[PDB]
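**Student:** Can you look at this? It's an experimental structure, sequence on top.
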Amino acid sequence: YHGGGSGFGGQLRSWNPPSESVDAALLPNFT
Amino acid sequence: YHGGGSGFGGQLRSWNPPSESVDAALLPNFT
Amino acid sequence: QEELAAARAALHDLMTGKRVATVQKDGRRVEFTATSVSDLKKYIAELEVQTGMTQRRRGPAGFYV
Amino acid sequence: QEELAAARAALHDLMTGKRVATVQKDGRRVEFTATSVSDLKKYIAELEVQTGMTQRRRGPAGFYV
Amino acid sequence: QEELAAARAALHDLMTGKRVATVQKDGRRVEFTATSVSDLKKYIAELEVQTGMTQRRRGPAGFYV
Amino acid sequence: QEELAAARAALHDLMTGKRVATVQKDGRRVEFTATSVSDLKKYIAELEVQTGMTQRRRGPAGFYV
Amino acid sequence: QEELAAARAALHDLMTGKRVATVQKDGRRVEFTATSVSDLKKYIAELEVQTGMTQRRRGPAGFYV
Amino acid sequence: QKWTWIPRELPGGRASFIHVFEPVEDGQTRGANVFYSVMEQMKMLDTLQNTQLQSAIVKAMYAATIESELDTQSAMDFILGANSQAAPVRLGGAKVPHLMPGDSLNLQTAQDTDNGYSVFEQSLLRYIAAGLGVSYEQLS
Amino acid sequence: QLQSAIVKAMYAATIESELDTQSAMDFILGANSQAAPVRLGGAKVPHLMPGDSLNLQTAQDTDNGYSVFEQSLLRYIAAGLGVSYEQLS
Amino acid sequence: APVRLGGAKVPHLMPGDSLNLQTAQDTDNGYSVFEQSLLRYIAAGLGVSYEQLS
């Protein structure tokens, strides 16, 4: 699976979104 | 969520609208 | 580098008008080749980049809304 | 800077007509190379920018209704 | 400024035909570089704009019915 | 203005063929720079506009049916 | 290599203005041909590439998000 | 400012405070607006629209250009046709000026006012309508 | 593409002159010094000396084939996800 | 140095200065038709219809 991989030529190397709940993503910047 | 974030390349860094009621936004410049 | 001061002095001499093309005294006579301003400026700039004593160039600009 | 005054004087001499290309006296003879007007103007402009004693350039304009 | 009067006199001398390019007397000989008319006119224009002693340029026109 | 007469005389001399480029007498020798006809004509016309002693130019024409 | 140092010295002499085109002394007289700056720069570049004493060129860039 | 405690339900079981939203995941205290999907694109498209409108106004403003060595008042008097009795020019009629060798008249031409902006706007509007859920025709 | 379009559309024109910036904008653009804002009211015809110059910039097509490439990518994405192309795009 | 996108700008350039707006080729210069041909070939190979596959 290339979903978790580096990418085609390594283009998605910096794309490492954090794994977090919906509250952790929403609440800090709700307002 | 990138709605409250800085943006794609940081283009929305200066876009910080204040959080205010409708009265606070409307009344000062009603006339 | 001691090759930057000489180039700067040569550029100033060429600009002010003290660069000599030919020198003659009775029989003796010497003639020197002439170079363009753009080539001297490019040489000076590239030698500055080699030395690195200062930073005069930066990366591309960026935009935000 | 002490170059800027020399560059200004050289430009004035070139414009008025007192820049000398060749000097000869009996056996002795010296000839100096010549430079363009635009190159001298660019040299003076960049030298003014480096010194920063005055401000002759500004940012782009803006429009409103 | 005293540069503007000299520039005007040089322009008049060049137009009439009294600008000296080369002068010689026995062994002695001196040669002066020559400049184009357009550059001298631009020099005089920018010099008189800097002085501001008069106003010869104005803003763009406007139209009405 | 006393410049207009000199410019007119210079133009007439250039046209007829009495404008001198170089003058030599034994050791003595002087050489004067040469200018184009169009530049002299433009100088003369612009100096006439400055003087205003006559009116040789008018506004654009108009049409009617 | 000992050719690279000579080429660098020749480039510096040409830039500063100490390259000799013609030298004369009484009857004796020698004249040397002149070469352009770009050809000398290309010569120095290829000579330094052949030596390999440093590395100044690299492969093409790559992009990532 | 002051804060007040309002219980969700009265002791008798009556509903005192009402909160309606659709949860996405297991633990979600409060809901998220629908604009998060297309928030950035709408702002950037608004900026593009304003910039394009200003650019069109600027490029349409400068109709012509005068080149001459005379005084600016004289140049407009002899070429543009203004009256000095900078200088306004009357729009009545058609004019044919007379130019000396040094004089010049240049009528400026401008780029197409809408050069493909409509198609890009269409694409962005389709994206926004997909994000919001309304139809493209209704939104645009 | 959106950022590039905004950047290219932003620079409407360009002034070239040997005078000061304030003088150049006053004489050519029409700003008032009484950098320098310019009022958009009306149409203007500046006068230029030989040194001066006015250039109106021309930009590329705002959407030069981006839409069709987007269509192809959206078809690929809709095929991957299983929803119809019309529904997705 | 960041640049703010708000507004329209008209810079002033000295003789040595310059400003060039880059132009780019068409984003999809016939890639769609070539992809169409390759997708027809693939659909023929697999057995599903071209419309269903693409």
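**Tutor:** It's in. Residues are numbered from 1 along each chain as shown, chains lettered A, B, ... in the order given.
**Student:** Can you name the residues of chain H sitting close to chain B?
**Tutor:** Residues of chain H lying close to chain B by Cβ under 8 Å from any Cβ of the partner chain are H:32-33, H:35-36, H:39-40, H:43-44. C-beta here means a position set from N, CA and C on the backbone, and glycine is covered the same way.
**Student:** how about these in CSV, adding distance to residue E:21, neighbour count and secondary structure?
**Tutor:** As requested, the residues of chain H next to chain B are exported to CSV (distance: Cβ to Cβ, whole Å; neighbours: other Cβ atoms under 10 Å in any protein chain shown; DSSP: H, G, I helix; E, B strand; the rest coil):
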residue, distance to residue E:21, neighbour count, secondary structure
H:32, 83, 18, coil
H:33, 81, 11, coil
H:35, 77, 13, helix
H:36, 78, 16, helix
H:39, 73, 20, helix
H:40, 68, 20, helix
H:43, 67, 15, helix
H:44, 64, 21, helix
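**Student:** Not counting sequence-adjacent ones, nearest residue to residue 6?
**Tutor:** You didn't pick a chain, so chain A it is. Nearest residue to residue A:6, sequence neighbours excluded (Cβ to Cβ, 6 or more residues apart in numbering or on different chains): residue A:13, at 5.1 Å.
**Student:** Switch to chain C, please.
**Tutor:** Spatial nearest neighbour of residue C:6, excluding adjacent residues (Cβ to Cβ, 6+ apart): residue G:16 at 5.6 Å.
**Student:** For that neighbour, give me phi and psi.
**Tutor:** Main-chain dihedrals, residue G:16, degrees, to the nearest 10: phi -70, psi -30.
**Student:** Off-centre distance for the longest helix seen in chain C?
**Tutor:** Assignment by DSSP state H gives helix C:37-51 as the longest helix of chain C. On the basis of Cα atoms, centre = their mean, to the nearest Å, helix C:37-51 sits 6 Å off its chain's mean C-alpha point.
**Student:** So which bits of whichever helix or strand comes after that helix are buried?
**Tutor:** Sequence order places strand C:62-64 as the next helix or strand after helix C:37-51, per DSSP states H and E. Buried residues in strand C:62-64, defined by neighbour count with 16 or more other Cβ atoms under 10 Å in any protein chain shown: C:63-64.
**Student:** for the residue nearest to residue H:28 when sequence neighbours are not counted, what are its contacts?
**Tutor:** Excluding its sequence neighbours, the residue lying closest to residue H:28 (Cβ to Cβ, 6+ apart) is residue A:22, at 4.9 Å. Contact analysis of residue A:22 by Cβ atoms under 8 Å, 6 or more residues apart in numbering or on different chains lists H:24-25, H:27-28, H:32.
**Student:** rerun at 7 Å
**Tutor:** When contacts are counted by Cβ atoms under 7 Å, 6 or more residues apart in numbering or on different chains, residue A:22 is found next to H:24-25, H:28.
**Student:** same thing with residue H:39?
**Tutor:** By Cβ under 7 Å, 6+ apart, residue H:39 lies in contact with residue B:3.
**Student:** Check whether stretch C:29-42 comes near chain G.
**Tutor:** Yes - contact between stretch C:29-42 and chain G, assessed by Cβ under 7 Å from any Cβ of the partner chain, occurs at C:29-33, C:35, C:39-40.
**Student:** my read: the residue nearest to residue A:6 touches residue G:62, true?
**Tutor:** No - with contact defined as Cβ atoms under 7 Å, residue A:13 and residue G:62 do not form a contacting pair (10.6 Å).
**Student:** which residues in chain H form helices?
**Tutor:** Taking DSSP H as the test, the helices found in chain H are H:39-61, H:72-75, H:117-132, H:136-139.
**Student:** do the same with chain A
**Tutor:** A:22-26.
**Student:** Closest residue of it to chain H?
**Tutor:** Across chain A, no residue is closer to chain H than residue A:22, which sits at 4.3 Å (Cβ to the nearest Cβ).
**Student:** any idea how far chain E is from that residue?
**Tutor:** Per Cβ to the nearest Cβ, to the nearest Å, residue A:22 is found 59 Å from chain E.
**Student:** Now for residue H:59: which residues touch it?
**Tutor:** By Cβ under 7 Å, 6+ apart, residue H:59 lies in contact with H:110-111, I:12, I:56.
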